[PDB]
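Reading through the structure tokens given below for one structure.
Throughout, a chain's letter reflects where its sequence line sits, starting with A, and its residues are numbered from 1.
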There are 2 protein chains.
Amino acid sequence: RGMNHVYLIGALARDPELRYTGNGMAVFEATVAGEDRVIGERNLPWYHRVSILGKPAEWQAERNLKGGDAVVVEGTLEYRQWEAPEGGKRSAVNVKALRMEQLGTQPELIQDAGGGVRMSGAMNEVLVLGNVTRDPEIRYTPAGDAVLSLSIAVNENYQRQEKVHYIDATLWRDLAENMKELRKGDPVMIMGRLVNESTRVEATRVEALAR
Amino acid sequence: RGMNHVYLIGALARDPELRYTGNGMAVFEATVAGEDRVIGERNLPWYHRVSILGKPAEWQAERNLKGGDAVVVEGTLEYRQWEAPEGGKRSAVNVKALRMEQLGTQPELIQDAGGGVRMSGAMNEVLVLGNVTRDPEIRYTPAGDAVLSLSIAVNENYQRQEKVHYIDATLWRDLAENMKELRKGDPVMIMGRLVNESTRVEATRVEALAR
DNA sequence: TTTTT
DNA sequence: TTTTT
Ligand SMILES: Cc1cn([C@H]2C[C@H](O)[C@@H](COP(=O)(O)O)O2)c(=O)[nH]c1=O
Ligand SMILES: Cc1cn([C@H]2C[C@H](O)[C@@H](COP(=O)(O)O)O2)c(=O)[nH]c1=O
């Protein structure tokens, strides 16, 4: 049974948009971007579509946030599967925000090539717990680094419905090596950072749980 | 309006206990202990009373965890105020667990003086958001370090009731200095570690929010 | 963030 | 962890 948290502090890369589904459900959408100072010292940039659903979507749009505003987001990873109009299954993990608040300081905006900004000195953290969906296999990158792709299923329950989010994690170097023995079905906890390249969790820590 | 998260990976310092209130409410209690490798490289030990309330208390006791088992806890900081039997107001912040799971590996248990164990290579993280309760003032420690005590109120809503948790944070050195300007009422977010000495949040990061 | 001892 | 596009 699942756990699923993402915390992000970042800037709106540009203006958010409010839209409505067929059902009339309100969706608020923003691209939150920043750059983390990853202490060995890397600058890891990231850009995440964040969405707020329902009545909070309309509460959020009332706040009138603009490109460049810095915000903190508390949210979860949302897995979605759909059929493309061109035919064929598609799937993606994005960020659903349970909350978004504005920072009270002007952050430093790093300008990018394609017209957007990202926050300097940002924050990005994920904690998720679910079950490994299949036996992983150790690979090597062109530079020789051990890498392990881990697929897990995070069970969500919310008239009581069940959802599964299929979340992918990358474990590097010694982490990759310590976790080689993981099997289909094994429950696991992973913290890390949420990265673009598709949305993946880059693991900084993984723990195998009992059962 | 509040946010309140604590994540701990640690060992049961000794055997947990199941007890019952006057009302009959089940309380499960454990002392979770470990040691964090704080990357400048300190070993910061900590011992926290963790409690689970209600029917999950009895689910937890069914699991029959013993001194030395390693667990992950997801929880919140719970502020409690009471009158001592000897007369006079008392108050304390402890950890209420929403969840506790057992690790699937044997961790390394560091033995302590008074008969307990603590987990080597543990994890301790807190994120809280609330409003500053009073103007803070910069102090210095005997060694000359800037230190700032920050008091905040985390509003919780749950027939709809309001609770306030009064949580204290310590900000050191440059953090202490960057946050000198905070005023009574200012909303603030703080991540850090949960430390003994009374339970305090040692801030690694603080952000002032708008309003 | 359901709740106390 | 309420929910989709
Ligand atoms: C504005 C924006 C840019 N980008 C990418 C496209 C550009 O190739 C890149 C900008 O280059 P940079 O990362 O070297 O500053 O950022 C996004 O992925 N999402 C966005 O919303
Ligand atoms: C077993 C246990 C010990 N302790 C403290 C009391 C001892 O003075 C100390 C042990 O010394 P140490 O920290 O140098 O190993 O740990 C707790 O605070 N809570 C506990 O549950």
Distance-only side-chain donor-acceptor flag, A/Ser151 / A/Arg134, under 3.5 Å: yes
Rounded to whole angstroms, how far apart are [atom1] on [X] and [atom2] on [N]?
X        : N     : atom1 : atom2 : value
A/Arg99  : D/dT2 : CZ    : P     : 13 Å
B/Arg160 : C/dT3 : CZ    : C1'   : 18 Å
B/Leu98  : C/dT4 : CG    : P     : 14 Å
B/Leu53  : C/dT2 : CG    : P     : 11 Å
A/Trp59  : D/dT2 : CH2   : P     : 13 Å
A/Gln159 : D/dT3 : CD    : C1'   : 12 Å
A/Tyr79  : D/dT3 : OH    : P     : 16 Å
A/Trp82  : D/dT3 : CH2   : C1'   : 17 Å

Span that lies between the P atom of D/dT2 and that of C/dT3, in whole angstrom: 16 Å
Out of [options], which nucleotide sits closest to the side chain of [X]?
X        : options             : answer
B/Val154 : C/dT1, D/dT1, D/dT2 : C/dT1
B/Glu78  : C/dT3, D/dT1, C/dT2 : C/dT3
A/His165 : C/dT2, D/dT1, D/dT4 : D/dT1
B/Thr76  : D/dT3, D/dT4, C/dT1 : C/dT1

DNA chain C-proximal residues of residues 8-18 of chain A, any heavy atom under 4.0 Å: none
If the cut-off is 4.0 Å, is [X] near the phosphate of [N], judged by side-chain N/O to OP1 or OP2?
X        : N     : result
B/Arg90  : C/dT4 : no
B/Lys163 : C/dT2 : no
B/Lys96  : C/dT3 : yes
A/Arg1   : D/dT1 : yes

A/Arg49/A/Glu29 salt bridge by N-O under 4.0 Å criterion: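 No, this pair does not count.
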CA sep, side-chain torsions, deciding dist, call: B/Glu156, B/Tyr79, side-chain hydrogen bond (donor to acceptor under 3.5 Å, both in side chains): CA-CA 11 Å; B/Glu156 174 198 352; B/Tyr79 172 80; over 6 Å; no
Test: B/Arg63 cationic atom under 6.0 Å from B/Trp59 six-membered ring centre, within 45° of axis: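 Ring-cation test returns no.
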Sugar-phosphate only, base, or nothing, as touched by A/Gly75 at under 4.0 Å among non-hydrogen atoms: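 Nothing: the residue A/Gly75, judged by heavy atoms under 4.0 Å, touches no strand.
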Step-by-step side-chain hydrogen bond (donor to acceptor under 3.5 Å, both in side chains) determination, B/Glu162 to B/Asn157: CA-CA 5 Å; B/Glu162 291 224 63; B/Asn157 291 254; 3.1 Å; yes
Of A/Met3 and A/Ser51, the one whose closest DNA chain D nucleotide lies more 5': A/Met3
Close side-chain approach of A/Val38 and A/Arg193, heavy atoms under 4.5 Å: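 In short, these two side chains touch, coming nearer than 4.5 Å.
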Student check: side-chain heavy atoms of A/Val50 and A/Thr31 closer than 4.5 Å: no
Exam field: side chain B/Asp135 to backbone B/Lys184, donor-acceptor pair closer than 3.5 Å: yes
Closest-nucleotide 5' rank along DNA chain C - winner of B/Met25 and B/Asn157: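 Between the two, 5'-proximity favours B/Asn157.
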